[PDB]
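Asks: You'll find query-v4.cif just under this line, and it carries mmCIF, N, CA, C and O atoms and all ligand atoms; chains and numbers go by the auth columns.
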data_upload
#
loop_
_atom_site.group_PDB
_atom_site.id
_atom_site.type_symbol
_atom_site.label_atom_id
_atom_site.label_comp_id
_atom_site.label_asym_id
_atom_site.label_seq_id
_atom_site.Cartn_x
_atom_site.Cartn_y
_atom_site.Cartn_z
_atom_site.B_iso_or_equiv
_atom_site.auth_seq_id
_atom_site.auth_asym_id
ATOM 1 N N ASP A 1 101.987 111.866 23.928 0.00 1 B
ATOM 2 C CA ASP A 1 101.212 111.642 25.137 0.00 1 B
ATOM 3 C C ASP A 1 101.798 112.422 26.317 0.00 1 B
ATOM 4 O O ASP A 1 101.138 112.594 27.340 0.00 1 B
ATOM 5 N N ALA A 2 103.030 112.872 26.132 0.00 2 B
ATOM 6 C CA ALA A 2 103.713 113.627 27.171 0.00 2 B
ATOM 7 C C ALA A 2 102.801 114.751 27.663 0.00 2 B
ATOM 8 O O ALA A 2 102.551 114.873 28.862 0.00 2 B
ATOM 9 N N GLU A 3 102.326 115.544 26.714 0.00 3 B
ATOM 10 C CA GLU A 3 101.467 116.669 27.038 0.00 3 B
ATOM 11 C C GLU A 3 100.001 116.307 26.788 0.00 3 B
ATOM 12 O O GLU A 3 99.121 116.706 27.549 0.00 3 B
ATOM 13 N N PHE A 4 99.785 115.555 25.720 0.00 4 B
ATOM 14 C CA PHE A 4 98.435 115.218 25.302 0.00 4 B
ATOM 15 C C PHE A 4 97.999 113.874 25.889 0.00 4 B
ATOM 16 O O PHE A 4 97.863 112.890 25.164 0.00 4 B
ATOM 17 N N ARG A 5 97.789 113.877 27.197 0.00 5 B
ATOM 18 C CA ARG A 5 97.242 112.712 27.870 0.00 5 B
ATOM 19 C C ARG A 5 95.740 112.888 28.101 0.00 5 B
ATOM 20 O O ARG A 5 95.099 112.041 28.722 0.00 5 B
ATOM 21 N N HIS A 6 95.221 113.994 27.589 0.00 6 B
ATOM 22 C CA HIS A 6 93.797 114.268 27.684 0.00 6 B
ATOM 23 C C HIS A 6 93.164 114.181 26.295 0.00 6 B
ATOM 24 O O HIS A 6 92.290 114.978 25.956 0.00 6 B
ATOM 25 N N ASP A 7 93.628 113.206 25.527 0.00 7 B
ATOM 26 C CA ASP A 7 93.144 113.028 24.169 0.00 7 B
ATOM 27 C C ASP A 7 91.689 112.551 24.208 0.00 7 B
ATOM 28 O O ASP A 7 90.942 112.746 23.251 0.00 7 B
ATOM 29 N N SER A 8 91.333 111.936 25.327 0.00 8 B
ATOM 30 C CA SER A 8 89.983 111.426 25.502 0.00 8 B
ATOM 31 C C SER A 8 89.120 112.465 26.220 0.00 8 B
ATOM 32 O O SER A 8 88.062 112.137 26.753 0.00 8 B
ATOM 33 N N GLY A 9 89.605 113.699 26.210 0.00 9 B
ATOM 34 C CA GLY A 9 88.893 114.788 26.857 0.00 9 B
ATOM 35 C C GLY A 9 89.664 116.102 26.722 0.00 9 B
ATOM 36 O O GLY A 9 90.272 116.571 27.684 0.00 9 B
ATOM 37 N N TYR A 10 89.613 116.662 25.522 0.00 10 B
ATOM 38 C CA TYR A 10 90.278 117.925 25.255 0.00 10 B
ATOM 39 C C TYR A 10 89.564 119.080 25.960 0.00 10 B
ATOM 40 O O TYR A 10 88.336 119.150 25.957 0.00 10 B
ATOM 41 N N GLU A 11 90.364 119.958 26.548 0.00 11 B
ATOM 42 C CA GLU A 11 89.822 121.078 27.300 0.00 11 B
ATOM 43 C C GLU A 11 90.474 122.386 26.848 0.00 11 B
ATOM 44 O O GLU A 11 91.229 122.404 25.878 0.00 11 B
ATOM 45 N N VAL A 12 90.156 123.448 27.573 0.00 12 B
ATOM 46 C CA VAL A 12 90.512 124.787 27.133 0.00 12 B
ATOM 47 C C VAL A 12 92.006 125.017 27.367 0.00 12 B
ATOM 48 O O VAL A 12 92.687 125.606 26.529 0.00 12 B
ATOM 49 N N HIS A 13 92.474 124.539 28.511 0.00 13 B
ATOM 50 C CA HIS A 13 93.856 124.756 28.904 0.00 13 B
ATOM 51 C C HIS A 13 94.786 124.025 27.934 0.00 13 B
ATOM 52 O O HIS A 13 95.993 124.263 27.928 0.00 13 B
ATOM 53 N N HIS A 14 94.189 123.150 27.139 0.00 14 B
ATOM 54 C CA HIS A 14 94.964 122.246 26.305 0.00 14 B
ATOM 55 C C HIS A 14 95.076 122.821 24.892 0.00 14 B
ATOM 56 O O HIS A 14 95.560 122.149 23.981 0.00 14 B
ATOM 57 N N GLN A 15 94.622 124.057 24.752 0.00 15 B
ATOM 58 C CA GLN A 15 94.693 124.741 23.471 0.00 15 B
ATOM 59 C C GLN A 15 96.141 124.801 22.981 0.00 15 B
ATOM 60 O O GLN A 15 97.034 125.211 23.720 0.00 15 B
ATOM 61 N N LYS A 16 96.327 124.385 21.736 0.00 16 B
ATOM 62 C CA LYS A 16 97.654 124.375 21.143 0.00 16 B
ATOM 63 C C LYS A 16 97.527 124.477 19.622 0.00 16 B
ATOM 64 O O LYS A 16 96.596 123.928 19.034 0.00 16 B
HETATM 65 ZN ZN ZN B . 94.144 118.862 29.348 0.00 101 B
#
The structure given in the file should be rewritten as structure tokens.
Ligand SMILES: [Zn+2]

Replies:
Amino acid sequence: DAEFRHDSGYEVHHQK
């Protein structure tokens, strides 16, 4: 959750 706190809304910047 440290980085992935947008699990309920994945976006482009969150590409990994
Ligand atoms: Zn994000």

Asks: Would you mind listing the residues within 6 Å of ligand ZN 101 (chain B), counting only C-alpha atoms and all ligand atoms, as a CSV table (one decimal) with N, CA, C and O atoms, in the coordinates of the input?

Replies:
chain,number,residue,atom,x,y,z
B,6,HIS,N,95.2,114.0,27.6
B,6,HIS,CA,93.8,114.3,27.7
B,6,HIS,C,93.2,114.2,26.3
B,6,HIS,O,92.3,115.0,26.0
B,10,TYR,N,89.6,116.7,25.5
B,10,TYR,CA,90.3,117.9,25.3
B,10,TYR,C,89.6,119.1,26.0
B,10,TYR,O,88.3,119.2,26.0
B,11,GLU,N,90.4,120.0,26.5
B,11,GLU,CA,89.8,121.1,27.3
B,11,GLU,C,90.5,122.4,26.8
B,11,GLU,O,91.2,122.4,25.9
B,13,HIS,N,92.5,124.5,28.5
B,13,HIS,CA,93.9,124.8,28.9
B,13,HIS,C,94.8,124.0,27.9
B,13,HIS,O,96.0,124.3,27.9
B,14,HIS,N,94.2,123.2,27.1
B,14,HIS,CA,95.0,122.2,26.3
B,14,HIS,C,95.1,122.8,24.9
B,14,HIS,O,95.6,122.1,24.0

Asks: Centre and edge lengths, as lines of an AutoDock Vina configuration file, for the axis-aligned box enclosing every listed atom of segment 2-16 of chain B with 3 Å of padding on each of the six sides, in Å to one decimal?

Replies:
center_x = 95.9
center_y = 118.5
center_z = 24.0
size_x = 21.7
size_y = 20.2
size_z = 15.9

Asks: So what do you get for atom C of residue 3 of chain B versus atom O of residue 16 of chain B, distance-wise?

Replies: 11.4 Å

Asks: Which distance in Å separates atom C of residue 15 of chain B and atom O of residue 2 of chain B, to one decimal?

Replies: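 One can read the atom C of residue 15 of chain B to atom O of residue 2 of chain B distance as 13.2 Å.
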